[PDB]
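A lone chain, given as structure tokens: the form deposited in one PDB entry.
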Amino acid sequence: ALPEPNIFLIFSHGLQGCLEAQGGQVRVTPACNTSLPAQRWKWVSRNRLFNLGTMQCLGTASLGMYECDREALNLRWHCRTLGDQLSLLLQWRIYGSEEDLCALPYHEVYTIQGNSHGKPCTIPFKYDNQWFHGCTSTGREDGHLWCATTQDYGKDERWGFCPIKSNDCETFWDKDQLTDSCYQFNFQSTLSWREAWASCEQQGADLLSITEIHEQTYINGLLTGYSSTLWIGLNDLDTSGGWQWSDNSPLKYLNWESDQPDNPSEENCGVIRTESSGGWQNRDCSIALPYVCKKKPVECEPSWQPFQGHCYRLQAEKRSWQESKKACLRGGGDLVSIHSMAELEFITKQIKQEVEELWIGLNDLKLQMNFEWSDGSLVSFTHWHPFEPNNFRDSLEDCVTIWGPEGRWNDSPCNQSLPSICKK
């Protein structure tokens, strides 16, 4: 009915055949078949190997198919040693890709809504005395996919919906009518930031990025009436002090609360707080919070140099950001708007060269911590120095400079007198 990305056949190059469960027992069949449930295996939780025809787990001496409740016996297998053990008790690879047996490990799958607070599915689990190796629509009404979060639903009755990878928003998302972006606020869940990351990824989505004041106010609008602190995609992890959105959105808009971010050492992940009234803080990525997901289904004059259908030049005369912009206008251009990493590397290495810092034209003059290119071009990417943009020591820093070897960006008071770069 559904897909099965993690099921594989277990194939011996010692013999020529792949493992199956026929009868009650397990043998090697040269008749390898991807379609036959007896031959196809899935790693499940607690180091167990589940066979789809038997709906049972490999066990041990000898080898057998046994119900997976029956933890007793062994049923515990480790993928590095699995081949050596088959050789001794009956070389081995996954069939057809010939890769090692650790290539399709068991991953946890976090549950949407239900009573389990987002807790991961327990695979396999018993419901109505049947065993299941994944999500089913059985026992439900509506048809939706759910699993148990306990290994016997009859006893504990702890369950939740399955993350779906969909190109639509049906039933689990709020849609902003104006932007057609979809959002999921999981308030019951308590997950670490990395588990939340994994959960939005499992739905074909990604953790919340707030790229603009509209998006922020829509978020506030959906949070009216709650008290809560949720994970967002904003995080410090990938390199320390430089903030990034989980999805690769440019950091174009900043809602940090007053005197955030703090604790640069172990507080690496952002949260949105109804308390702050939608303000942002950073926190320790290991605490368990609710969390938010989203998805949206003629070369030039002398002294200018070409890059990618545009022209660039250095203006060496030290001037305020505003006067620099005027000198660019007097030519055929505006201050340089930067939409590529390749473009930043050309600018920094070929043009900036030894000059330490110059104006680039990215500015929050119109609305604080909402950054714009002077030429009206969309801000599609940023590269900031760590802890920038800060409006430093609580002063207005309304204009952006490139600084230092790497070409990372700083916000600065605009009356500062520096060089600049233009493009047309």
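The numbering used is simple: start at 1 and walk along the sequence shown. Take the two forms, find the largest set of C-alpha atoms that superpose within 1.5 Å, and that set is the rigid core.
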| remark: Gap between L90 and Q91, counted in deposited residues with no coordinates, falls in the class 10 or more
| Unresolved deposited residues in the interval that joins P297 and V298 | 10 or more
| So which stretch wins on mean C-alpha B-factor, 385 to 393 or 370 to 378? | 385 to 393
| message | Averaging CA B factors per stretch from the PDB record, which one is higher: 18 to 26 or 398 to 406? | response | 18 to 26
| message | Can you tell me which of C311, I272, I287, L335 has the maximum CA B-factor listed in the PDB entry? | response | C311
| Which one of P302, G160, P105, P124 shows the top CA temperature factor in the record? | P302
| note | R80: CA B-factor among chain residues, third -> highest
| request: Could you say whether, by C-alpha temperature factor, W173 belongs to the lowest, middle or highest third of its chain? | output: middle
| message | Test of reading the entry: by CA B factor among the chain's modelled residues, which third contains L58? | response | middle
| request: Please rank the C-alpha B-factors of the chain's modelled residues and tell me whether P261 sits in the lowest, middle or highest third. | output: middle
| field | Entry-reported Cα temperature factor of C147, expressed as the chain third it lands in | value | middle
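The following text describes the form deposited in another entry, which does not appear among the structures shown.
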| query | Superposing on the rigid core, which residue among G279, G96, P264, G204 shifts its Cα by at least 2 Å between this form and the one not shown? | reply | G96
| said: Once you overlay the rigid core, does the Cα of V109 travel 2 Å or further between this form and the one not shown? | reply: no
| query | Does superposing the core leave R330 with a CA shift of 2 Å or more between this form and the one not shown? | reply | yes
| Is_shifted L36 between this form and the one not shown (CA, 2 Å cut-off, rigid core) | yes
